[PDB]
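The structure appears right after this line, and notes come after that.
Counting starts at 1 for both ligands and their atoms, in listed order. Atom set for the values below is all heavy atoms of this structure, side chains included, hydrogens, waters and symmetry mates excluded. Here is how names work: the chains are called A, B, and so on, in the same order as the sequence lines, proteins then strands, and each is numbered from 1.
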4 protein chains.
Amino acid sequence: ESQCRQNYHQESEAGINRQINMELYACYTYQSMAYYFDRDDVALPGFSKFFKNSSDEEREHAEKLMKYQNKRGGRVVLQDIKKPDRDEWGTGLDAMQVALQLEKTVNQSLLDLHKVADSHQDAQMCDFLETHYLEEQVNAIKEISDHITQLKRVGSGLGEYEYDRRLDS
Amino acid sequence: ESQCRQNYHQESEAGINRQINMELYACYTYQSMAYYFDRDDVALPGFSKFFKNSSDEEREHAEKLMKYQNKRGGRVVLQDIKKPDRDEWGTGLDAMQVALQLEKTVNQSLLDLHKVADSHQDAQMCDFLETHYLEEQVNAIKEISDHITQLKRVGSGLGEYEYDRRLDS
Amino acid sequence: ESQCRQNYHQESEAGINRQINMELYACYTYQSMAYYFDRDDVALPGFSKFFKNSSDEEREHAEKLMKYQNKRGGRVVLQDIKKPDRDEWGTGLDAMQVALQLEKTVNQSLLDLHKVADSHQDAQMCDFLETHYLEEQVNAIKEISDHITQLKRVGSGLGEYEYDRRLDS
Amino acid sequence: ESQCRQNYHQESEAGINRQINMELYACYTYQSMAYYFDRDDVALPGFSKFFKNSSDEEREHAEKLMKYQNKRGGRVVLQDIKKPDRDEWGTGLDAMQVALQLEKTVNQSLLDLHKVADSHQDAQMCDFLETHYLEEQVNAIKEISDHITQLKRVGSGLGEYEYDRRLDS
Ligand SMILES: [Mg+2]
Ligand SMILES: [Mg+2]
Ligand SMILES: [Mg+2]
Ligand SMILES: [Mg+2]
């Protein structure tokens, strides 16, 4: 047992490892979207930039959990990063819709993880998740939802082009 | 009853006073370590600096709880500050090992205090402890644990000298 | 067929996708090493920094190939990122030794890929690999080899500590 | 024979002269497009700017080959610059489509020229073409392909106007 470990349940430790893989899964999916929008037959560089940035942030989310695992004296155990669900992601609206459901899946996983920590009276881990993950997901879900609504507003063709400009600017 | 007081249980108030004395106890122990390493027959000025800084921070932890007691309308009641457990603290590794167990004792006390506040639905006090005390203890326990591991790595003699340089720099 | 595509053989396109997954595999392995050295019972922050930086660079190598695939009109096809070969990586010397063999495996893969492009007279892809991948691997293999030799020179304990300082500085 | 000349085959020298005329042919065609889009009944100043810049760059490509011919001790032999294939170039999309096929024709010519140099083991000329011509063509073909895809996305009328703004900005 780690000389660090205190009030840290084995279930919370395993849930951290589960969340780490989920953050990496999201990172990989956003990276796929980024280079899908970089295809010559898609050519939406603002959408590409938005999902590239989303992918970098998910990588940061994963590493912060890796750091936290070690802080508490748990042990990082990594698993395969599953390839994304699709190879092509359709229109800008299609990809934002996928991104919304992905962010909500990550949020549900974090809420489940918070329930685990709370069930073991892990007050510090609960605050860590609230501060560094739960607030971010609410903001990210609202932001993408706004993108979806705007993308439906502007429609296909020129509208998608104009919104890509917004994401590039 | 204080014109301030609201949702503040007498047990939470008494637990704050208990934590105050514990923070002061840690302050005094680190101060002892600081001037132990300043002995001419010990002569480890980086270890001295590290524990001097640790002592100043524990004094700050105590005062912030004193401030918080008044914010909530509780009343600060001070007790004797017990002299440290030892007069001499051995090697740099020995003192870090003591520091780890002290920090874990402070952390257990804070976790107990958090359970008291939570049992009385004192949501604000719980957040105060999480934000200003529980995160710090996890970081401090990890930092000292890293020091212990490095101090075992470098060994006695020149190794202890070199790590003292690191702490001085 | 992509409106871009010219002098780009399907085998070269598939080899790019193979190299992409290999770069991501190396990225993941270095990330594992980074947080292994961040364990409280390992506590080698310079080694951690070196492999964190190595992981970021491998991620960049992957994305540049993703970009190149699209430039030529090929289509990025991603596969699972296999978890690293180990969960723990031993001493600093052990991890550098693993890193050397990983870099040589990546280099062999790139040399094979270069042979594929050259067999199809893909002069531009050959230059792209030479400029952005083959030179880097020779430099990276020499750098890690120097680390291994120095790590054997300094030995275990204090020596490993001192070399960690070098990597942190 | 030039006092410079070394490992420079007469076929490579003649191929350089062929490429020079082709670069000048592209320069002239882009210049035509530039002033077509400057017509009062076309009035697309961003498209005009894009093709003006393309024309200047093709002129630079030609001169660098002229310089290279002399460096190797070959002799520049110029031929008529054939007038462009059309006098009017249609919509912005039409002109980008022509530009794509022109760039691919230049790229095929360069690949053929590279095969000539490589067949005579002219390693330096091969590197010169790879470094200064083959990479540029891949980037230029991808860029124009992205323009075509975006121009189809935005459609005629206002869409063409908006993309002209992008090219002007
Ligand atoms: Mg995330
Ligand atoms: Mg304290
Ligand atoms: Mg690489
Ligand atoms: Mg040219």
When you check the gap from the basic side-chain N to the acidic O, do C:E63 and A:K52 get nearer than 4.0 Å? yes
Any chance the side chains of C:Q69 and A:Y35 put a donor and an acceptor closer than 3.5 Å? no
Ignoring hydrogens and geometry, is there a side-chain-to-backbone donor-acceptor pair from C:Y36 to C:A95 under 3.5 Å? no
2.8 Å cut-off met by an N, O or S atom of C:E103 to the Mg ion (ligand 3): no
How many degrees, to 10°, between C:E58 OE1 and C:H61 ND1 as seen from the Mg ion (ligand 3)? 100°
Salt bridge A:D80-C:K82, side-chain N to carboxylate O under 4.0 Å: yes
Taking the Mg ion (ligand 3) as the reference point, name the nearest N/O/S atom of C:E23. OE1
